[PDB]
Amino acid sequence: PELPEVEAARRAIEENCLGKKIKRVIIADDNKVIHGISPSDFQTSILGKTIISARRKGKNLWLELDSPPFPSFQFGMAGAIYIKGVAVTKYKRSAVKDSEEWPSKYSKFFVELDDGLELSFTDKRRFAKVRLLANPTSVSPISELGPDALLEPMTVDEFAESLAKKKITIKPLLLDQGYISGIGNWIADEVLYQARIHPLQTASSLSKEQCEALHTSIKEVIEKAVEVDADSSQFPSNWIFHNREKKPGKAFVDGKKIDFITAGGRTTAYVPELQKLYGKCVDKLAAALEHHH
């Protein structure tokens, strides 16, 4: 889950869960996912409270209850939000089909609300983190996050000045939640492809024109994916996203070949013909070997 998917879960929660009281709570017995608190303490703390709004920063979601502490959800690689109870919904990835077990055996956070509405956070891989904090934004991990790619976009000049001091290849920088928050593997590939920047290009080597192009592509990719509530089927056809998952040799975009470069455990789908690595030979070499650090 990257910013768009987590944001869609946030809006799905606000569609029917606001202003409703928590009548029953089930916090999973997972001392790996449920962090820093026992499930029974977690349950006792939020039972009886009303959900005022749903908030998000990067890939972290949290519920603003009528009074704190507030439950927060760090999605990890398989975290998901599911809402059952209201037949009609604008958020399909959060709907639950009758043939699905419910509550899911993967549920980590579950509450039954007024009007029989039930909300659940599930994690099949157990890489997610669920916390109950006095203020989610004051402590880790949310307090260590860089500005939200959607809610706090840097200006063109702020963006350029920050990149000038970053001495690392751009792909991993974009993934660093402490620099900018919310970008994951596919958004990174998409904005780099769109801006015509190679994943091994050092951020500090980017020219003023490159920074602006990247600034523009981050804006367009994030705004569009959110505009369509993370429904990839609605992603513009000219995005590398669609063929980014196809087997090597048969992956193309707008008719051009897609290759897959893997540096330091990170794989990037890019178009060699359109994304060139720039700079002196020894700097390009240092970037290709950067993973050694």
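Residue positions are given as counts along the sequence shown, with the first one as 1.
* Got a sec? Mean C-alpha B-factor, which is higher, 143 to 151 or 78 to 86? -> The stretch with the larger average C-alpha B-factor is 78 to 86.
* Asked: Looking at the deposited entry, does 222 to 230 or 239 to 247 carry the larger mean Cα B-factor?
  -> Of 239 to 247 and 222 to 230, the stretch with the higher C-alpha B-factor average is 239 to 247.
* Asked: Among 67, 44, 53, 267, where is the Cα temperature factor highest, going by the PDB entry?
  -> Comparing C-alpha B-factors across 67, 44, 53, 267, the top value belongs to 267.
* Asked: According to the deposited entry, which of 162, 194, 94, 181 has the largest Cα B-factor?
  -> If I rank 162, 194, 94, 181 by C-alpha B-factor, first place goes to 94.
* Asked: What third of its chain's C-alpha B-factors does residue 260 belong to: lowest, middle or highest?
  -> Middle third - that is where residue 260 ends up once the chain's C-alpha B-factors are sorted.
* Asked: Which third of the chain holds residue 214 when residues are ordered by C-alpha B factor: lowest, middle or highest?
  -> Lowest third - that is where residue 214 ends up once the chain's C-alpha B-factors are sorted.
* Quick one: classify residue 282 as lowest, middle or highest third of the chain based on its Cα B-factor. => Bottom third by C-alpha B-factor.
* Is the Cα B-factor recorded for residue 109 in the lowest, middle or highest third of its chain? -> For residue 109, whose C-alpha B-factor we compare with every modelled residue in the chain, the answer is the middle third.
* residue 7, C-alpha B-factor rank within chain (lowest, middle or highest third) -> As the PDB entry reports it, the C-alpha B-factor of residue 7 lands in the lowest third of its chain.
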